[PDB]
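K.L.:
Before I ask anything, here's the sequence and the deposited coordinates:
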Amino acid sequence: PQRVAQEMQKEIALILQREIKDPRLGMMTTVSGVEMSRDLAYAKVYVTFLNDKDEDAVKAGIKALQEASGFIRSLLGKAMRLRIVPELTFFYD
């Protein structure tokens, strides 16, 4: 799904700024891509940081973002009026 992956990159990048304080990460955490399941039960999200100045802070940043993943899924479905939204898993790129 090439077009849904482009809409998800854009809206998830905004929800990453709104649903958690991205100023705590320097207000420049960006989405580089998504990777989606054939059955849409799951998706992987790839993220690139200005908080990249510390490897231990990026590890903690992904850990804090994964704890918020259920809000991010619920909001992504609301922003798209989507019939099903995938369950979300986050990665540093």
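P.N.:
Yep, it's here. Residues are numbered from 1 along each chain as shown.
K.L.:
With adjacent residues omitted, what lies nearest to residue 12?
P.N.:
Closest residue to residue 12 apart from its sequence neighbours, by Cβ to Cβ, 6 or more residues apart in numbering: residue 31 at 5.5 Å. For every residue, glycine as well, the C-beta is placed using N, CA and C.
K.L.:
now do residue 79
P.N.:
Nearest residue to residue 79, sequence neighbours excluded (Cβ to Cβ, 6+ apart): residue 11, at 5.1 Å.
K.L.:
With residue 75 instead?
P.N.:
Leaving aside its sequence neighbours, residue 75 sits nearest to residue 15 (Cβ to Cβ, 6+ apart; 5.2 Å).
K.L.:
cool, and residue 69?
P.N.:
Ranked by Cβ to Cβ, 6+ apart and with sequence neighbours excluded, the top spatial neighbour of residue 69 is residue 88, at 4.6 Å.
K.L.:
Same question for residue 82.
P.N.:
Using Cβ to Cβ, 6+ apart and skipping the chain neighbours, the partner closest in space to residue 82 is residue 76 (7.3 Å).
K.L.:
Now do that neighbour against residue 85, distance only.
P.N.:
Between residue 76 and residue 85 the computed distance is 5 Å (Cβ to Cβ, to the nearest Å).
K.L.:
Of those two, which one has the most company?
P.N.:
When neighbours are counted by other Cβ atoms under 10 Å, residue 76 comes out ahead of the other of residue 76 and residue 85, with 21 against 18.
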